[PDB]
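What follows is one structure encoded as structure tokens, with my remarks underneath.
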Amino acid sequence: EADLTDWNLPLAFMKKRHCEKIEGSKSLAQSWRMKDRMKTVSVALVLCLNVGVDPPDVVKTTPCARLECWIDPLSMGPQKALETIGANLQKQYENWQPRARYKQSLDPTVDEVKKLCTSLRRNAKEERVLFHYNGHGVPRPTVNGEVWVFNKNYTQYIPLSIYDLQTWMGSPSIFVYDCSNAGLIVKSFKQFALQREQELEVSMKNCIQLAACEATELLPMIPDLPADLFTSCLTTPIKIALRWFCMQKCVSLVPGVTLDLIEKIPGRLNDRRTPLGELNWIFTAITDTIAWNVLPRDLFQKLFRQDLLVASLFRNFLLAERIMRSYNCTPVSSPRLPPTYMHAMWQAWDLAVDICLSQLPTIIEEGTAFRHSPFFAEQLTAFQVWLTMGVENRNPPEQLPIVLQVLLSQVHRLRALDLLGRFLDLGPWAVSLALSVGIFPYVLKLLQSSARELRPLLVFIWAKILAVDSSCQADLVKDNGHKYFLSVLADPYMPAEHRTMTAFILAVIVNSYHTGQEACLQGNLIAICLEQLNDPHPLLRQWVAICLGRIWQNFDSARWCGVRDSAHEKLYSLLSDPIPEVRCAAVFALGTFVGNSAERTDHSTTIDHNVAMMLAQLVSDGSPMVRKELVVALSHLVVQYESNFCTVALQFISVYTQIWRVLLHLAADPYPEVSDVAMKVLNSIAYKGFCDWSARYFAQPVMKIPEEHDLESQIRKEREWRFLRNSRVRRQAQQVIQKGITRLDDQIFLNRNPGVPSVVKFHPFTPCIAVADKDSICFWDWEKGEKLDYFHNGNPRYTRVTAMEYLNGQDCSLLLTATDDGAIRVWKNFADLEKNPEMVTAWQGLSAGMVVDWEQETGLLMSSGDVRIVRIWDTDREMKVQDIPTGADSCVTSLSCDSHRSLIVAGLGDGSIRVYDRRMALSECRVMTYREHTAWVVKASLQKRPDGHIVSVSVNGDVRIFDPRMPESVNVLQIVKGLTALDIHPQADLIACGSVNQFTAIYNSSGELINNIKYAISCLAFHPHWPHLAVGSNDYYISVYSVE
Amino acid sequence: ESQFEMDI
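Protein sequence lines correspond, in order, to chains A and B.
If you count by full-length UniProt numbering, then the first sequence holds residues 18 to 219, 236 to 686, 806 to 840, 958 to 1116, 1125 to 1292, 1303 to 1331, one letter each, in order.
Basically full-length UniProt numbering = 1-based index in the second sequence + 110.
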């Protein structure tokens, strides 16, 4: 009951909550477009490995473990070992940047270093240089960086200067120091840079430094580790990582696995399907995840994205920190990072390593196939779990860097793409995070893969990215991505949802980049859109029309292609579409087509005039969206027509005069926004948007189930309670009628009103009185007498309110007002004018004034008056329905709708009583007339009896009941005299009787007279369902009478 | 181009 009371009826204006929601968007966080792509060009390897010579401060020897680059120099001798080690160092660096320029010095002195640095600077003056200093054979550094370089005589220590080194390499640069007291060098470096800056007031911000350990500590002398531990960690992330694992673990959990097998693990570092390949992939994923989840974005983008070598070195640095911590060394870097050895992700690494190694023995011994770990599957699972309920007010997922890695392979790509799509379906903030990690440059590569099954995923992802970030610098039209989407659109078997998203994408890239303008013609996009104009789906119709409108902007080639194929011939058929959004899209595309085609004029002036007149027909549409678009489209045509209006406007102040009349009509039409624009067009001539509303749709969630289906939401419990309340009030009204109607000598309301209360109406359930005078509507509390705010209708001066009605019982309870000039306005909150009148619409009918009767069971507005016909509009489509012809030669005072018999009920000013049957052919809907009257007929209506007998009153006062199927009457009552219409309320069996005197001669439905009741009459009315009268008087007051 | 290789 509570639902059906109002939800068996159309709610005509629910769309009005969205039609005007025209908006743009906020700015985007800057920026994923990492334009700064500075790179490393050359590497200088400076070795001081003076094999066979121990500086005097060396403590020796048993645990010295003098293993360098996995070489033991004692087995080769002082010269072979040095060259061999240098070769291995070169190989270790080539694994990370094979294109680097190689430069090497073995025991250089002074001029050798100056010349090296100068030559490298000359090779690339703007790019980065890496300077790697070993120092193992050199005494502990001093504040100046003194080094044991000499002509094979140790007594020539040669003091050096960090300041001078900075001078030689003034370019952006990266320094690596393997010195014992390495931090001392960094401190001196910074102090000298400051000194130089101060001297320049009469390089600090460009250098990156990695030091093995702090200035106050020495590198460990451990018999089982390589001497060059820091270098090994930075250049060979595996190897030592596994050796450490074997040594560090207190109690091994994998019996039988030791170094003898670790050094026999097969495979290439880059062979993704081997043990080492998988381990390198996992290592990279973990170290990137830690960096993402620890550092601020300002550092993350600079260190892990701008340069391949910098990112690799810092990625390995985190490992060096973790390992060297256990030996009382603290690696030092500049810029300084927060500590990371505490992060939980390192436990995952150890687990993965443990799992791998348990298979190593048998694979070596028996040759069993290698099985892959579940690492990425579990990480994807955890992400999927997070997605269960994501909100903005939460920490972002910690695993986005893992998804990025998964997308690079061909095993879990489909799952990662699905989960990414689901993530991106959240509001715009979700997209920004995805952009900040670098999905974009990878999905651009996936866009051109040979796979076909990926189509709906790449389409969805790109639809969301473009919906949020349309600024992408033409990447989809510089490369072949646009061709992909054209093919996607072409596929006749793809679901409409994806065709719609593809059409959206194409519209965006065409209007956004101004380079896709030729490509969309090379692929015959126009032909595809024209074929697709007949698609039944509303959104494909809208977006295809938008694509065509956007194509026909400033193209010369598809000015000609447009005219050549008579594209407009098909677009105007969309002007018949029941849905106003499609009509708006069609008006946009058609107006743009002609406005731009007219630049040639030539023979196309034939088209120019015809379209102008086809648009003229749309003045009858009634929709404010279509109407506004009509005004804009006409203005676009006016731009071209002004060349001839310069000699036509003088007449206004023969298609030109028709256009003048159309624009004048549109200006006159009661939509001030439209009127204003139309007047600006008319004035401009005399003196001399929708696409964004539609576009914002795709930025919303679409996988979300709307609140309307949430059976526990407060909005449902509250609305249902209020619905029951209203129903119970109706029941109270029924009970007071059923208990018996007595003389109406009780009182409810008396208040002084503004103006003359000529129209008095009440809400079906809510005790609120709505009374109109000529110009304005006042409102009152039906029971308390409290005065409510009034609302001036806003109609032109000298107009008059003719009729008022309510449209729905509970939810869409709008107040509709009709006037003599045809204006029909609807407002949502007569109920709450104190805070927001909330105007709904402002239609105009009748192309007696205006009399209306809207059919709530059908959603139809019926109107008559000074047109001599009956007009029907579909208020659920914003479209004219029909003009109903009549043989009458006079106007009417009626009208009344009979929704159960499809009958139009009138009395006529010519004295006859005429009714119409909506089912008859529209030549004349002749059913009756009745011919027992000659004087004008006043308000008439049908009785509650199933037969459909009609009550009709003459201006002479005669009251007569007529037979619904014969021209003869049923009876004559003569209840009242003289010219008094009978307002009857069948539910209450009450008959009102107004007069020139200050009283109402109330009768019962039986015709019996009750002595005149007092609390010139202006208006008679009844509160629906209640046996209570209301009368307005020409003394500026209204009153309400009640059963005693 | 890309920092990481893709098995396109």
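Just so you know, even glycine gets a beta-carbon here, dropped at the ideal spot from N, CA and C.
Under 8 Å, Cβ to Cβ, is there at least one residue of chain B near residue i?
i: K478(A); result: yes
i: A410(A); result: no
i: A540(A); result: no
i: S482(A); result: yes
i: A344(A); result: yes
i: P434(A); result: no
i: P474(A); result: yes
i: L834(A); result: no
i: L341(A); result: yes
Which one of the options has the shortest CA to CA distance from residue i?
i: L1250(A); options: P1241(A), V1273(A), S205(A) and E1285(A); result: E1285(A)
i: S1218(A); options: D1175(A), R1242(A), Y1193(A) and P1244(A); result: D1175(A)
i: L1256(A); options: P1241(A), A1269(A), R1237(A) and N1233(A); result: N1233(A)
i: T1163(A); options: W1150(A), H669(A), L1185(A) and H1177(A); result: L1185(A)
i: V615(A); options: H636(A), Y546(A) and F959(A); result: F959(A)
i: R1021(A); options: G1009(A), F1031(A), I1006(A) and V1040(A); result: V1040(A)
i: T414(A); options: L433(A), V521(A), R999(A) and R427(A); result: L433(A)
i: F167(A); options: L201(A), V130(A) and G187(A); result: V130(A)
i: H405(A); options: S1167(A), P308(A), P975(A) and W1049(A); result: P308(A)
i: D589(A); options: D610(A), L607(A), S630(A) and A619(A); result: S630(A)
i: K840(A); options: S1141(A), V672(A) and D1130(A); result: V672(A)
i: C362(A); options: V290(A), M254(A) and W382(A); result: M254(A)
i: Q109(A); options: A46(A), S92(A), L267(A) and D195(A); result: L267(A)
i: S1189(A); options: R1237(A), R1178(A), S1200(A) and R1196(A); result: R1237(A)
i: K335(A); options: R1012(A), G423(A) and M51(A); result: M51(A)
i: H35(A); options: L459(A), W593(A) and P613(A); result: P613(A)
i: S1282(A); options: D1260(A), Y546(A), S609(A) and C283(A); result: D1260(A)
i: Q1264(A); options: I1017(A), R1000(A) and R1203(A); result: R1000(A)
i: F148(A); options: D387(A), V58(A) and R157(A); result: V58(A)
i: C1270(A); options: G1009(A), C279(A), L1316(A) and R991(A); result: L1316(A)
Assuming residue i and residue j make a contact with CB atoms under 8 Å, what is their CB distance in whole Å?
i: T1071(A); j: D1042(A); result: Wrong, their Cβ atoms sit about 12 Å apart, outside the cutoff.
i: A199(A); j: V365(A); result: 7 Å
i: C240(A); j: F192(A); result: 7 Å
i: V1095(A); j: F30(A); result: 7 Å
i: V620(A); j: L651(A); result: 7 Å
i: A1125(A); j: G1142(A); result: 4 Å
i: residue 1295(A); j: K77(A); result: A break in chain A separates 1292 from 1303, and the residue in question, residue 1295(A), sits inside that break with no coordinates.
i: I1227(A); j: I1252(A); result: Not a contact, Cβ separation roughly 15 Å.
i: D23(A); j: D1080(A); result: 6 Å
i: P256(A); j: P80(A); result: 4 Å
Sort out for me which residues DSSP pairs residue i with in a bridge.
i: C240(A); result: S190(A)
i: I397(A); result: Per DSSP, none; premise fails for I397(A).
i: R145(A); result: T57(A)
i: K1008(A); result: Partner(s): none; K1008(A) has no beta bridge.
i: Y1207(A); result: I1190(A)
Flag residue i as yes if its beta-carbon sits less than 8 Å from any beta-carbon of chain C, otherwise no.
i: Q443(A); result: Within the model displayed, chain C is absent; protein chains A and B are what it includes.
Would the C-beta of residue i count as close to the ligand HEM, meaning under 7 Å from any of its heavy atoms?
i: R488(A); result: You won't find the ligand HEM in this model; it holds no ligand whatsoever.
query: Touch check for the region 964-974 of chain A and the region 495-509 of chain A: three-plus C-beta pairs under 8 Å?
result: yes
task: Evaluate contact between the region 967-985 of chain A and the region 1262-1278 of chain A, counting only Cβ atoms and requiring at least three cross-stretch pairs below 8 Å.
output: no
query: For the region 658-668 of chain A against the region 828-836 of chain A, are there 3 or more C-beta pairs whose distance is under 8 Å?
result: yes
- request: Please confirm if the region 33-43 of chain A is in contact with the region 100-111 of chain A, defined as three or more CB-CB distances below 8 Å between the two stretches.
  value: no
query: Any chance the region 531-546 of chain A sits against the region 487-496 of chain A, with 3 or more Cβ pairs inside 8 Å?
result: yes
- prompt: Contact between the region 179-188 of chain A and the region 200-216 of chain A: three or more CB pairs below 8 Å?
  reply: yes
- prompt: Looking at C-beta atoms only, is the number of pairs between the region 568-577 of chain A and the region 592-600 of chain A that lie closer than 8 Å three or more?
  reply: no
field: Touching by the beta-carbon criterion (3+ pairs, under 8 Å), the region 390-397 of chain A and the region 285-300 of chain A
entry: yes
task: Assess, as a yes-or-no matter, whether the region 441-461 of chain A is touched by the region 1305-1315 of chain A under the definition of 3 or more beta carbon pairs within less than 8 Å.
output: no
message: Does the structure place the region 208-215 of chain A close enough to the region 367-382 of chain A that three or more beta carbon pairs sit under 8 Å?
response: no
- prompt: Are at least three pairs of beta-carbons, each pair with one atom in the region 322-334 of chain A and one in the region 419-427 of chain A, less than 8 Å apart?
  reply: no
message: Using 8 Å as the cut-off, can you tell me whether the region 1048-1056 of chain A makes contact with the region 1017-1035 of chain A, which would need three or more C-beta pairs spanning the two stretches below that distance?
response: yes
task: Pair every Cβ in the region 349-356 of chain A with every Cβ in the region 370-386 of chain A, then say whether three or more of these pairs are closer than 8 Å.
output: yes
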